[PDB]
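See structure below.
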Amino acid sequence: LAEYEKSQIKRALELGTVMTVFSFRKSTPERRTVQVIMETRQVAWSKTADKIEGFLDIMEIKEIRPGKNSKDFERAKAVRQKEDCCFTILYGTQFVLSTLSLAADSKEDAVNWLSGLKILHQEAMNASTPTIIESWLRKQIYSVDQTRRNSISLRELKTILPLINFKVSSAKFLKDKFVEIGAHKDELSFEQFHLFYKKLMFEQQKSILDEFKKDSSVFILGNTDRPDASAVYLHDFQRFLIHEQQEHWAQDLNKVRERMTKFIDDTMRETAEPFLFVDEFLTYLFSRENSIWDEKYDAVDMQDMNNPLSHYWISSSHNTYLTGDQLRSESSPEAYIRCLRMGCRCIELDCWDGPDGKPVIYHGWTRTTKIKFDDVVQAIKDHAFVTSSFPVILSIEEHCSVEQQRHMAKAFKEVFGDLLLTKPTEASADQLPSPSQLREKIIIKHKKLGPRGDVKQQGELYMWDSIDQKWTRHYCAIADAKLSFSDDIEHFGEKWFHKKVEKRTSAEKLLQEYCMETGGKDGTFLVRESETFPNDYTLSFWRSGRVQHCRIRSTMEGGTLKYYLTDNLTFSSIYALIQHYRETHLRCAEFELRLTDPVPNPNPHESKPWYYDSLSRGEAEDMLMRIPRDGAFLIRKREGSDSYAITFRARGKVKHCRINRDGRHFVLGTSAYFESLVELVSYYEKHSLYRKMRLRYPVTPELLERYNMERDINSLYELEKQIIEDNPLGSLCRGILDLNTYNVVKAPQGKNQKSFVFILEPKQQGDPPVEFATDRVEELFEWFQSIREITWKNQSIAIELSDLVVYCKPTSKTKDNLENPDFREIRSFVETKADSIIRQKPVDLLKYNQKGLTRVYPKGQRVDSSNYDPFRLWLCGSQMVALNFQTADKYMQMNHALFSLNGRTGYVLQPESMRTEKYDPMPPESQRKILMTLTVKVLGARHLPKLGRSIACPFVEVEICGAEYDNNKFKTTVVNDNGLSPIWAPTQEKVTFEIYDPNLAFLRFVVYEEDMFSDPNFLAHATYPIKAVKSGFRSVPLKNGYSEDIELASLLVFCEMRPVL
């Protein structure tokens, strides 16, 4: 397409168009105008032009599809729109892709939308770092005010600075910086903001550039590293690339010129020698251009795809249809789609019985929802080979009847056509084919016919807790005569009313302080109680730069009260006056003024029952000991100190925390600011303070009496980890109780306002009952009988589908023995059994692997969808290691690192050395030998994300993911409250990692932060195969938990790989 057509399409997109938007939250779809913003690179859908409502980062668009094949388009209202008109964007950094579904009025308009979208996405992923830096700055500016203005104020800048995860040092250096940039009068045009931003990080972390200076060798930078802007010249930059970076393509000068021209991306900079500013240089060292990842491994290396399939680590997943935990998660085809587009080449289908006759998929004997099989197989067909043409392997755990798998195989054939594999590629071959030979083919793995041609209750029940006095839905299962259940599945009262505030002087001081810290307005108000006028309120209202005071007048009329001001505007509910005075100004004989600001009392927590005015530390621990529940908390004003404190029981231990006061704000630890205590508790009820615990349960004396009434709660009591392994709920089991000791009796009419309940009636009569409740009376009676016994040709496989499987045939006839490996067999191992095999016979497992296929899947005790350690299996060559793709663990980030290679094709060829007969997978101590040393020194970071209200205090852990001998860790000194521009100690030295198996070893950079309680939390990761790590000063792009890149997140590290000679 010509450039002018592209520009026209992009301009039409920039203008925007009224397009119907669909979502699950609204039954009726909504007409919101959608427009792309080049400045922020965001597809925003909104009603009014002044303010944008929807936000959509363009670089986070993972895939755009036409048609109505999405979760949103199931409301049955999109029938009117033609199929070609409708389209859907999938975007986000989570496994579940938040979907934005639109329906264009014109099919041509939809076509331009799709084409321009694709062009915009390609430009975004191809956009240089300064352009996306400018886009992110415009993002922040658009965030501070919704009017899309290009100006930001000093106060607004102070509001935004901790949002970008950086703290204000003294609030006076900030004004000094203001002066230096030249911005004046508390105003910032976008260019001034950009220059201030550059100056900010450059001043914060110019000490890094110093190391790029170091001493002797080649002096790339001179001594011009001061704040003053300085240039890096073309010859100097190419010298740096040749020496420090050791880049081959850097040998030619034209390549270096192109790299500079693309990076800077400035029309003005057309001079013969492009120049890199020292600030631009520091940005470059933190860019995607200097990524430690080697681009050559993104290219699909064909000659490594000539080998037989048995020699390839294969991308695979365990129950991929599940988007979360194994028990109750939503199962959606988008899970399969995101896995296949992710780089996976094996997806597990636990096809089950079909209600109408058409099979469905859902994790066995759980509450996970079901999806119609035909849709699933359509999704596989449509998105199997869009990202990778290499073959996929559909592992099947069948559970349906004969006719059901007959229909399943029929649907397979009909939807797949020539794409499916139905015959061996090489009939006379004695080994598995190559992925290249199997390109654009689909293998089906499933139990075939026999050698001669012949072949617990889980539910979401209600929990009644006397302390809670409300029913809580808990997921419960029964095993080994015990029941294990998880955690939970889920004027006077207004702002402007202040009542007993001491004096008009006191109230006017309150309003004046609130104004001078923020939000000074005209005629702004405050409702107080007059110390002089009887029984009358007082609307004391600041007056356009000054504070005044007038009493809310009052007269009795019509049997009711009538408050008023000047006797002209009279009402009975204070909202009426405040609002009517806000929209239309009060007109007193002196002024026409309106109101803005309601301010809660200095001590509003007084009204909250959970506040205790003054309780000693020992007594606080006393009550906290009387309450066994986790999540209990009470706030107390510490005697003799203006500062406050909050006490909470976590993990059975009572913990005190101190809250300080900074102005009107309450600061927690040293970085989190909250206007009022009630705001703090409301926020922390929906967020986490310690570990995963949240402030759920307040502590009130009236509730404390009932606490004293009943104090027995059954709970989980590495032994606890062993108990976790035993119970069916795994780590999710929050409560476990022996059902033998409880002689159940079914409640006839239930209790506590529920339709269906049953009584436990423990054998020891003093023990308190629990009384679980169910949704269905039949479910109730089935559970009840469950505790009752707790007290006391073809046979199974369809012929056609068994004809379908031609490779990866499942055999357990040889059982634990791996003798006589033939290429057509599949081995399915549970992680425990696989680890036992690898510990007993490591060599034999590889000897099978070079000839036959091995599939390993995690055990059922991992209902939390956690992923086990796969390194040992791969080191033995276990080709199919299936992990849950919906989770985020170190091991799955390891899998992503390993399988990004080869163009995320899913097939990674094992090295020839591992495939030699002489080589042994697990080497003893004497046979192990160092073969490459690696020196890593972290230098700084950028744009480390923000988890909660508290400003992150980051420290970097660099470690070698690998076997027991390759595992080595490095921690760095924590930086205090500096996340956007953190400078780790330039004095700290470089670590030395000895590497034994460079063919499979992982360099992992992870960023954690120290919370208020000094417990590390996960911020971002970067996992890389050590064969893909480059030398020099390189910037790793940090990724969130799900291996998706975070904008501008980057760590600069000096890495040197010296092979052992």
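We number chain A the way Swiss-Prot does; in order, the residues shown are 10-464, 476-510, 527-753, 834-908, 922-1190.
Here the Cβ of each residue, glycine as well, is placed from N, Cα and C on the backbone.
Swiss-Prot gives the label phosphotyrosine to one of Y321, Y648, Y753, namely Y753. Gap between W908 and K922: 13 residues not modelled, C-alpha separation 40 Å. Proximity of the domain 'SH2 2' (646-735) to the domain 'SH2 1' (532-635) is established through 3 or more Cβ-Cβ distances under 8 Å for residue pairs spaced 6 or more apart. Of the listed active-site residues, namely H327, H372, the sparsest CB environment within 10 A is found at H372. Measuring straight across the break, from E510 to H527 at the CA atoms, gives 32 Å, with 16 residues left unbuilt in between.
If you measure from the Cα atom of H327 (active site) to that of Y753 (phosphotyrosine), you get 31 Å. Straight-line distance linking the Cα atoms of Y753 (phosphotyrosine) and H372 (active site), rounded to a whole number, equals 29 Å. According to its DSSP assignment, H327 (active site) is coil. Within 10 Å of the C-beta atom of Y753 (phosphotyrosine) sit 8 other C-beta atoms, taking all shown protein chains into account. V464 and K476 bracket a stretch of 11 residues that the deposited model omits, and the distance between their Cα atoms is 27 Å. In the domain 'PH' (20-131), the DSSP tally of helix, strand and coil residues is 24 helix, 43 strand, 45 coil. Gap of 80 unmodelled residues flanked by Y753 and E834; Cα separation 12 Å.
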